[PDB]
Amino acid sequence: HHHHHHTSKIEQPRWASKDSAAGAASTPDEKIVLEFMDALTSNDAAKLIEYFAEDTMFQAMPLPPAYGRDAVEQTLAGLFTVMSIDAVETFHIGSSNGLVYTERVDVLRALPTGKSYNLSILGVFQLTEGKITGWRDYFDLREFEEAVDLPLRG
């Protein structure tokens, strides 16, 4: 898809489905999640938190989880203090039992160093009545930190 950020470029993985529909939404829950992926490039925790239920949680799995909407917003705002989401490409999206799975590459740029990295992520979303009750992203933190020279554990 077009990322409207000319300094970024995402290559198609050899293993990624070529089908137009592979990363296209087939259900209402998948559509809301792709809408949320599109919103991530705002880098605005106060806009993004509107997608979440009060009883919710967030975890970038190499780092500790945040429970409840206030903590999720605070945690997302903290990440946006040091990183910009420049682009998101979702190669595969699927869903079952109220969970949505996204296999993606996020182009992330470390604001303190100016360096960016194309990060392989597999994430899961739990939705209750169209609102996010859980979001967990799985990926390797070290390879990101080393590419952008930004340790994130503390």
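Sequential numbering from 1, following the sequence displayed.
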Query raised in the report: Between 65 to 73 and 38 to 46, which has the larger average Cα B-factor in the PDB entry?
Result: 38 to 46
Query - Comparing 26 to 34 with 81 to 89, the one whose average Cα B-factor in the PDB entry is higher - result: 26 to 34
Report task. Could you tell me which third, lowest, middle or highest, the C-alpha B-factor of residue 123 occupies within its chain? Result -> middle
Requested in this report: Compare the C-alpha B factor of residue 140 with those of the other modelled residues in its chain, then answer lowest, middle or highest third.
Outcome: middle
Requested in this report: Divide the modelled residues of the chain into thirds by Cα B-factor and specify which third, lowest, middle or highest, holds residue 132.
Outcome: lowest
**Report entry** residue 56 - which third its CA temperature factor falls in, relative to the rest of the chain
**Finding:** middle
Requested in this report: Could you look up the Cα B-factor of residue 96 in the entry and say which third of the chain it sits in: lowest, middle or highest?
Outcome: highest
